[PDB]
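In the structure tokens that follow, the same protein chain appears in two forms, which are kept apart as structure 1 and structure 2.
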Structure 1
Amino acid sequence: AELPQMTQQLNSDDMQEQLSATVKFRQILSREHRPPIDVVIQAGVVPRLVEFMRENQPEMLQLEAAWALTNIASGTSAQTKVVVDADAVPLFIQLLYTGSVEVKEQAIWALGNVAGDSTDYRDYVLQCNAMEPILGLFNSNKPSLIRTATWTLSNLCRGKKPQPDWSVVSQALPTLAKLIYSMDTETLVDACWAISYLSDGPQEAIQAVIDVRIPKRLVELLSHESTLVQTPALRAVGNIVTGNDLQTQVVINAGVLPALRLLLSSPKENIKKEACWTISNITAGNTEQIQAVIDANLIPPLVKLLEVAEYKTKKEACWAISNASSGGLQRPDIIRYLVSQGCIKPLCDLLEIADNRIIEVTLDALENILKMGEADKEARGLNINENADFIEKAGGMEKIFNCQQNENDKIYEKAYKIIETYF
């Protein structure tokens, strides 16, 4: 752009006026708000700032330069691109083990901004072998360094399309297993988010989270004083129970069911929602796991949410109950319990406000309840299905056949099959 003698003194060989200029740029880029990154970029000072991060540059020069480049990288994607194109990332990484503690926090912050920009830059940071120096930071004690490193670590684990290199990010699991025992709240939060990202994938990824003894602590963190800790911990727990029955049983054995019960009455609506989603994944298991959910007294608050909670939460409670109802074939007492807890009317009432998908989910639940009813009255020699009466007395029999008006060709068959078979 324009600057002399602030760019020239930046290009000076005098180490003092090199620092004085860099500090000026840093103070400018440290946005109270809204900071003039573009005019700093077009001033052509970025490549020089990158030079100041070289191995044997003065410490305070490395610090101020990395700080300045950090804020430039915190801007738009195009502004972050400028830092990347200046080959600054490999120097950020080198400072993670060469620089002092203060310099390390600057560098790891910058890498967080770069990795948080896109999946491309996230992968690029990983391709530059950043993981090993980053994991080395957690050998340090300074809380502020640990806090920032954990944040950057979560940024490297985040993203699904595409997901990061598993062979790389999975190396952070033993470190994350320790980080969730931290006394620092913000460190806890980001560590739990990082785990939720890693636990989101195939059974191999889930098993890796299990093998480092993480689930036990996650369940304990569900009762943390802060909802900022509970939410990512719940997300991670919810991800693990998306695996097979064995992996789901581990979470149950860690005492997740009583914890989930308390979360059903959480002030945060989305915590309620994902608690129901988690339970629904567990009720989605085998007979004994559905029974465990029942024995943990989870159904009554679920039924209560199925009728009075917001739709996004209500639809998740539907999944939980609808799943559990499927189990009623192998154990009819499951259906008997569900019906006795008054689930039929909230299910039926949901049919007239739900999505095309949730209605289909609800219809399967009601069908499982009905199918159990006929199986029982046939084996006991009765003339009337009381579950069919319960539905009719709840006024849902009509709602069942107010769903064939619906133009989806398969909300259509079950709806009238129910009416044709039971009514």
Structure 2
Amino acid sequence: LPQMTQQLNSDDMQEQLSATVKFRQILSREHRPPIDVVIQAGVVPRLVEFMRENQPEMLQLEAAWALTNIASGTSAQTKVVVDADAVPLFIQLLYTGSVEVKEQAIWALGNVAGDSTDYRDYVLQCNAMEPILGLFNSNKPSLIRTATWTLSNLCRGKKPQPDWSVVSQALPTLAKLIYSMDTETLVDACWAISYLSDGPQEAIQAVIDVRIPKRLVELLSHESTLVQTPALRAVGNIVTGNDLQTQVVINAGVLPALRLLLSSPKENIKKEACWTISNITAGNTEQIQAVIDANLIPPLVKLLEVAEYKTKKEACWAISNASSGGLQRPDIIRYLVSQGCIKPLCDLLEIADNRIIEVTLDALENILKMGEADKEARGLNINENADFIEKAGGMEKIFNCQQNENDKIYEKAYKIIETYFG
């Protein structure tokens, strides 16, 4: 190392190149590259020098390669490279460099961007977006992957949400990347899109205008859960928007697609599928009816019954939001009850957290108001739904809620028992 460090500091171009190649090779070890000793040798800032505008490209590639092996190490190791002010140089190399040079720069920039939110912003402010977006006009798959990966690292994060004026510039490229033949590329593009869709209406509408929604919906039935997961996450973030934005996703045909995801052997997919659906049933009466017409209630009721809690929780919201539209269209409630949602709802009370008990009690109450409403509409002397709940053992569970510490809950419980089971 002392010997190499010498060559590197030599003024002989040929000797500098000889040294950088060496530092690049040791930093390329698959085992445990002596990154820390290299940093301890103080040759980082020198290697950074070799990436300057007028250095020979071979020297630039070797130096960037070496620095990239370092920047892709631990966070500490990344800080060193960043502090040597390598980022601005990696970025100009994105414009100038050969494919090989570009592959190192984009990788290194991706690691800096994915290190933390402050580095994410640093990179964005160094204006990496322009040169990064130009990489997609190339035809090398591997280079496009890294680039897409780095792009997702720039879009990710919600405490400091990334500078939207900058990151939104990626939407057009992203809209094309989700048609990629490369699976890894597809995956990261969908993750990036989900990150951009994890924001206000402005963000969501932006994703809608570049016509990404329909492609996202087609990707829900991709053979791989690695593609399905981020695609669903993105769809889920989009339907969190307003009713108009959600209808866009619905006209793209997301409902029939969701029907398949509810059967996914992947628990988190069933979970986010129920989550997505609950943000659609949280919409207007016509959107709730659409969920009904797509035959999404039956599988939902089933999950409410057998899935893990984290999924049941989601199924409940979906069903409870659906029952909210029952005040208007009473037949929605009638349909929910027909699909056997009462038993699952009652049982849930026994294992749910307080927020879910509130949600579940809302659904049960809406169900009771309905059964009460057409009980009067007829000369009947019984509230069928109330009777339904009693049989399912729900009465006893609602009674038990009277001892819950939460005011909203126990008060909701007393009112229910008193009103329908007195």
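Note that the rigid core is defined as the largest set of C-alphas that superpose within 1.5 Å between two forms. Numbering for residues begins at 1 and runs along the sequence of structure 1.
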| query | finding |
| --- | --- |
| Post core alignment: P36 C-alpha displaced by 2 Å or more between the two structures | yes |
| Rigid core superposition, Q9 Cα moves 2 angstroms or more between the two structures | no |
| Cα displacement of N270 between the two structures, once the rigid core is superposed (Å) | 1.0 |
| Cα displacement of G381 between the two structures, once the rigid core is superposed (Å) | 2.8 |
